[PDB]
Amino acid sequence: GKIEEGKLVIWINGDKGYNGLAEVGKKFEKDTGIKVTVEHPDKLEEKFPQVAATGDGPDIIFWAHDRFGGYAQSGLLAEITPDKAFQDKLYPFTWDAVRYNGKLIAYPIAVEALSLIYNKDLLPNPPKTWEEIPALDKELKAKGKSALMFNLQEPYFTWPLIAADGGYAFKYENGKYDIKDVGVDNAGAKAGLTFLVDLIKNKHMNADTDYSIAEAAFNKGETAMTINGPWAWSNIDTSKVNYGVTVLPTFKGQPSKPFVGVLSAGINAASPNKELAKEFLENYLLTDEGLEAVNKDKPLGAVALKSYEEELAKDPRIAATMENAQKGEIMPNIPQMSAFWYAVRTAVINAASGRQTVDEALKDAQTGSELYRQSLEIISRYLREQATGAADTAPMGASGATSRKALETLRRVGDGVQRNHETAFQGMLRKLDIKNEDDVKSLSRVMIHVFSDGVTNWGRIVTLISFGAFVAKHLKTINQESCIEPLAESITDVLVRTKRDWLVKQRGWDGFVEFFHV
């Protein structure tokens, strides 16, 4: 749990130009004597927050911007402070993708959007609609080909179809996200995912198709179409398939709406090499020659660097990428994106395999996606009304009946725990000696140790929240009322992170209300 001084370790995904990046690393070493190690570990976006939390991991992490808000909220990223001269060399909308709570948390590299990639030797004209793909597959099957193969294991690739007829992650209106408004189990999302499951039912696609199987089938000329990003174009070039990159097909007359990613470079908060990392990213990578080295290995898409994007913009494959991006939406970077992606990943795999119906799969994804927000509403309200003696008059909002009935249940069963276990609560309160916001930050570790490692049931969840209320009452009494919302956020994090799968299996807080129905 200590990063080594006087070198740079970089993590980037195995689908990106990591050999090109290593070439930029060699140029840095030639000037500075500092070795640059580029690694592409499996699941690096899940590994980074685990290793970084212990003061370990790479100096620089590359991922799409959507994961970076979670990393920033967890204190895992150094604030990026480039001068005006450097900032003005990149597109302002790319800087917006890496801004979190008013602070830049990464360097933007390139804009990524999925396109429809088609074999001009099999399909001279690509289909304008999803609805015509079954008929095309039937024509191509008669010739020993298939219409379409793409990765069905990552919701990134299926999302554009789910979003087409009105599926959404977090509602965006008046230039602001309603994190309370999730659109995963609406009629639009159901129509999109039913269309995908029907393609599998009718044997136009196979539920087991992943990135490697789709790429091999397209690059060998066995399938007429794939869905992929700019990074894929290198392997297609090598294959000598006569390919086009175009607009994704429409669904029910509406565009497919890909979630747009900005490949971004974050600096580990635990790195002792932050000045070397800034130098590397600003004066080696984010140059015409640095981006060219990476782009020549695996294409980046529409680069953040204006000078180089002017050259690449002339490429009709980049025009197609930006057309799809404009029909799509820039991903949020809110910490909840991780849970959203896990919930929709499971829904698509289960619907595609027949493990769940579309209705069952998207219900669970909806419950999973709103679990943090709903849990925080209940827990924050209970802690604050316990501390002050007065309830919150603010409307409950989305799924408000559940929130109201959960808080009602918690008042009954939680007050019971605090009354019956007053001596134990007082003993643990004094032993923990909670005085201020720094001490509250130390509770997460002991909550995971005591709560998360014990049996999972609603009773032990009531104790977790009820002791939280007991601590909140103390914090109010000693003029530390400012600590209660952070405490509520910390309890919610432990509960929903460590009991995610169990909570969704219970129908979340509806399960809680039913379990303690007297």
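By rigid core we mean the largest C-alpha set that fits within 1.5 Å across both forms. Heads up: residue numbers just count along the shown sequence, starting at 1.
- Between stretches 419-427 and 152-160, the one whose Cα atoms sit farther from the displayed model in 8 other deposited structures of this protein on average is 419-427 (core-aligned, root mean square).
- Greater average departure of CA atoms from the shown form, over structures and residues in 8 other deposited structures of this protein after a core fit, characterises 439-447 among 439-447 and 354-362.
- At least a third of the other compared entries skip residue 175 while keeping the residues on either side.
- Taking only CA atoms, the mean B-factor in the PDB entry is higher for 1-9 than for the other of 1-9 and 507-515.
- Higher mean CA temperature factor, per the PDB entry, when comparing 443-451 with 89-97: 443-451.
- The entry assigns its greatest Cα B factor, within the set 345, 384, 180, 298, to 180.
- Per the deposited record, 272 carries the highest C-alpha B-factor of all listed residues (290, 272, 230, 155).
- For residue 468, the recorded CA B-factor ranks within the lowest third of the chain. Only modelled residues enter the ranking.
- Per-chain ranking of the deposited C-alpha B factor places residue 190 in the highest third.
- For residue 355, the recorded CA temperature factor ranks within the highest third of the chain's modelled residues.
- Per the PDB record, residue ranking by Cα B-factor puts residue 481 in the highest third of the chain.
- Ranked within its chain, residue 44 lands in the middle third, by CA B factor from the PDB record.
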